[PDB]
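A quick note on method: Cβ atoms are made from the backbone with ideal geometry, for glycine too, and the neighbour counts reach across all protein chains shown. Readers should treat all values here as calculations from the given coordinates under stated rules, not as data from a laboratory.
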Ligand SMILES: COc1cccc(SC(C)C)c1NC(=O)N1CCC[C@H](C(N)=O)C1
Ligand SMILES: [Zn+2]
């Protein structure tokens, strides 16, 4: 679990969005596994606007942060789950690092701010949904 709170927006994994997220929907994209809902309170986070390919992510299944080198946002095949059919997920960045089901939503940060959130994983891999191209989050 986990979310980004920036301005009057809450960014979550689309597959973990709540009834309240859908009732206050701003934007969603199943191909990216992202959903953004509106909030009444001002957020605590800021978003990176950069091309960093290294950073640090929070891994809830270890209660720890780990450093990672990750690929540029791209279209990657993701196997069927209870949440989605087999498909290509876009704007996804892969890295070597621990992740399990439950780790989705953990934040990836570089020196410039929030880069994205955990969205997929596998046998020693962790994948992140990028948010750096969503310029409207800042206004
Ligand atoms: C952090 O997520 C994981 C980590 C290790 C393993 C796993 S599936 C295990 C059966 C190999 C997963 N789960 C996932 O990759 N997803 C299930 C939830 C939806 C995700 C999506 N964006 O489509 C895909
Ligand atoms: Zn950066």
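Out of every Cα pair in segment 3-44, what percent are spaced more than 13 Å from each other?
The proportion of pairs with Cα distances above 13 Å equals 44 percent.
Rounded to two decimals, what is Rg over Rh for segment 1-77 when you use alpha-carbon atoms and the Kirkwood radius?
Rg divided by Rh gives 0.98.
What ranking do 119-125, 53-59 get when scored by the average of other Cβ atoms within 10 Å per residue, highest first? Intermediate values should be presented prior to the final figure.
Working: 119-125: 15.9, 53-59: 18.4.
Most protected by this proxy first, the peptides run 53-59, 119-125.
Let me know the volume per residue of the alpha-carbon convex hull for the chain, in Å³.
Roughly 102 Å³ of hull volume per residue.
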